[PDB]
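Here is how the chains run, residue by residue.
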Amino acid sequence: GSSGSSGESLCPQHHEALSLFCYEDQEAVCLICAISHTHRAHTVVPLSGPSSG
Ligand SMILES: [Zn+2]
Ligand SMILES: [Zn+2]
């Protein structure tokens, strides 16, 4: 017997709740990350969906 499932999803570098996803790369990234991407002309949209912000 053995198990090892990861629950919450946090950036492997920032370790912060991932509330975004980069299309181009097709991977999930955190908020801080976005900055870089959004700067490199990378498409990024919120997972949870639309919010007040
Ligand atoms: Zn990150
Ligand atoms: Zn990107």
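Counting of residues restarts from 1 for each chain and follows the sequence as written, so the numbers need not equal those of the entry; residues with no coordinates are not shown. Written order determines the labels here, with chains lettered from A and ligands numbered from 1. Hydrogens and water are ignored here; the side-chain numbers use all heavy atoms of the structure.

Deposited coordinates in this entry are attributed by the record to solution NMR.

Points about the UniProt feature "binding site: Zn(2+)" in the protein chain
Heads up, the condition is: UniProt positions are given in the numbering used here, feature names are shortened, and annotations may be inferred rather than shown by experiment. Here a strand is any run of E in DSSP of at least two residues, a helix any run of H or I of at least four, and the numbering for each starts at the N terminus. Exposure classes here rest on a 1.4 Å probe applied to the protein chains alone. A residue is buried below 20% of its type maximum, exposed above 50%, and partly exposed in between. Contacts between residues were defined by any pair of non-hydrogen atoms, one from each residue, lying within 4.5 Å.
Under the present numbering, the feature "binding site: Zn(2+)" in UniProt falls on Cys 11, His 14, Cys 33 and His 39. Within the secondary structure layout, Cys 11 lies in the segment before β1 (20–22). Its relative accessible area of 6% is what places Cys 11 among the buried residues. Aside from chain neighbours lying at most four places away, what touches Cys 11 is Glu 16, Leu 18, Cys 30 and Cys 33. Judged by relative accessible area, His 14 falls into the partly exposed class, the value being 29%. Setting aside chain neighbours within four positions, we find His 14 in contact with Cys 30, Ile 32 and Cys 33.

Some details on the coordination of the zinc ion (ligand 2)
Defined as follows: Coordination partners: N, O, S within 2.8 Å of the metal, 3.2 Å for Na, K and Ca; water not considered, so apparent gaps in a site are possible. Each label reflects the angles at the metal, where four donors whose angles all fall between 85 and 135 degrees are tetrahedral, four or six donors whose opposite pairs open beyond 155 degrees and whose other angles stay between 65 and 115 are square planar or octahedral respectively, and the rest are irregular.
Within the protein, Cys 22 (SG), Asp 25 (OD), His 37 (ND1) and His 42 (ND1) serve as the donor atoms for the zinc ion (ligand 2), at 1.9 to 2.2 Å. Each of the four donor atoms bound to the zinc ion (ligand 2) contributes to angles spanning 83 to 126 degrees, and the resulting shape is irregular. Considered as a linear motif, the donors of the zinc ion (ligand 2) on their single chain read C-x2-D-x11-H-x4-H. Taken together, the residues span a long stretch of sequence, with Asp 25 in the loop between β1 and β2 (27–29) and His 37 in helix α1 (residues 31–39) at a distance of twelve residues. Accessibility expressed as a relative area gives 13% for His 37, which makes it buried.

Considerations on the coordination of the zinc ion (ligand 1)
The coordination sphere of the zinc ion (ligand 1), as far as protein atoms go, consists of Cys 11 (SG), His 14 (ND1), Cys 30 (SG) and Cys 33 (SG), spread over 2.1 to 2.3 Å. Counting gaps between the donor residues of the zinc ion (ligand 1) yields the pattern C-x2-H-x15-C-x2-C. Separated by 19 residues along the polypeptide, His 14 in the segment before β1 and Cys 33 in helix α1 bring together distant segments of the chain. Using a relative accessible area of 13% as the deciding quantity, one classes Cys 33 as buried.

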